[PDB]
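Student: One structure, as structure tokens, below. Some questions next.
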Amino acid sequence: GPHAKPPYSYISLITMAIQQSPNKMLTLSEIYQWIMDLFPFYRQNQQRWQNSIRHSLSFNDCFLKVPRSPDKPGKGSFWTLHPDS
DNA sequence: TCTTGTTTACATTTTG
DNA sequence: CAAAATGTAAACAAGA
Numbered sequence: 155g156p157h158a159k160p161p162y163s164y165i166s167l168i169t170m171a172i173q174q175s176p177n178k179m180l181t182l183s184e185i186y187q188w189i190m191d192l193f194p195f196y197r198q199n200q201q202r203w204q205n206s207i208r209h210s211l212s213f214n215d216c217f218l219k220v221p222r223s224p225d226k227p228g229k230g231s232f233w234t235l236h237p238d239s
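In short: position in the first sequence from 1, add 154, done, that's the authors' numbering.
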């Protein structure tokens, strides 16, 4: 590909996306979109890295996971940052 | 169904 | 390097 892999880890990409969000939380697709909008490199192999992103969210304890919900449902759950920074 | 999450198991890269 | 983090790959579960 014509573009270099951005110097940010998946954790850094997810973290930047959530912080810069107005609610300090994002959905899975919102994180997907954020990364792809900014970095053309991730407009390919989306099967691969989106899987690694989903893995990154479930693996790292710095990522919750906030129910929507009952009012305005509903796709997936919001992901945000643990106050432990 | 697909998308969204979780978990396992292994690889690869980064760093002290 | 060797340990520590990060990434890949695969399976299933859960749910709108």
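In this text, a Cβ means the ideal position worked out from N, Cα and C, and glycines have one as well.
Would you mind listing the alpha helix (DSSP H) stretches within the stretch 172-232 that are 4+ residues and don't spill past its ends, in chain order?
Tutor: 182-192 and 200-213
Student: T234 bridges to which residues according to DSSP?
Tutor: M179 and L218
Student: With 16 other CB atoms within 10 Å as the buried threshold, where does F232 fall?
Tutor: buried
Student: Can you tell me the Cα-Cα spacing of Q198 and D191, whole angstroms?
Tutor: 12 angstroms
Student: Of the choices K178, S175, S183 and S206, whose alpha-carbon is the least far from that of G228?
Tutor: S183
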